[PDB]
Every structure is written in structure tokens, then in C-alpha cells.
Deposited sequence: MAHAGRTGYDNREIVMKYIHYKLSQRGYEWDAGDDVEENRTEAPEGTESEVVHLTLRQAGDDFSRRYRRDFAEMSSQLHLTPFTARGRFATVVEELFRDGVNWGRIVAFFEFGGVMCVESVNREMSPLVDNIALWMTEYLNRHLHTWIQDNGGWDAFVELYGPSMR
């Protein structure tokens, strides 16, 4: 089930920067994945927090905007990873720009979008064990 992965992930990316907040298999290669995916594209992610500009009055709207565009023409795993890392970006500039309540808010959003927009694709395409298989190393 979906609300769990978001937590351990968000909690992982927040923890691995200095901040503390609020079977077990997929998680771990979803962390090795995010981490490799972010280093994979460090120079591309730098340009991202520089266009983020997060205020709570805009947070919902900022998140919606991106997520809908990212998955507009379809889903694949790479996109799904990119989604998790983006949640991680928001959750961090929240804590940085002193908005840690958002971190709770962003978590619910990520979860509402997994369950109400991405679940079907993951089921119709092998579940998360499918993913682990593919990421492996």
C-alpha cells in the first residue's frame, strides 16, 4: 500500500540532509533509485530549485502544476521516480525556506496522487516488485 513508501522516502531524503520529521524491500531500492536518479541529473536539478519559489499560498498550485504535466501523456517508472524526487525537493526547500508544516502537506498530496492517479498503471504493469526487478543494482 502507498502512503508508507512516501513516508520512508520523504523521511529518508529529509533525514539524509539533517532534518527529522513527524516485506520492507521496495523502499530500499526506491532510495537507491532516487539517490542515483538525482546524482544522475545533478546539473539538471540545480536549475530546478532556482525556479521553484515556494510559498504556502502557492504550494498546492506549484505541486499540481508539475505533477499533472509530468504525467500528462502517460506513465513510466522513470517518470514515477522523478516524481518522488520532486516531492523530495519540495519537502526540503520547505524546511529550508522554513515551512516544515508543508512537509506534512506535500506528503498527503504525493499520496493522494499515487492512489488516485498512478496506482492503476503500477498494477497493470507488474506492481512494485516489477520495479525492484528492473532496478536491482
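S.K.: What are the missing stretches of the deposited sequence, listed from start to end?
M.R.: Residues lacking C-alpha coordinates: 1 to 9, 32 to 48, 164 to 166.
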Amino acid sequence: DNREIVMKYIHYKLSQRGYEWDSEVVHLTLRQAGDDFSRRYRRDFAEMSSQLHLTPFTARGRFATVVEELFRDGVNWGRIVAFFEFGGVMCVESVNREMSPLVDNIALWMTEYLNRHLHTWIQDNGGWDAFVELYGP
From here on, numbers count along this sequence of modelled residues.
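S.K.: Quick one: higher average CA temperature factor, 57 to 65 or 96 to 104?
M.R.: Per the PDB entry, the higher value belongs to 96 to 104.
S.K.: Which of these has the highest Cα B-factor in the record: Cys91, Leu70, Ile80, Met48?
M.R.: The listed residue with the largest C-alpha B-factor is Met48.
S.K.: Could you tell me which third, lowest, middle or highest, the C-alpha B-factor of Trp21 occupies within its chain?
M.R.: Tercile = highest for this residue's CA B-factor.
S.K.: Considering every modelled residue of the chain and its Cα B-factor in the PDB entry, is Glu85 in the lowest, middle or highest third?
M.R.: According to the entry, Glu85 has a C-alpha B-factor in the chain's lowest third.
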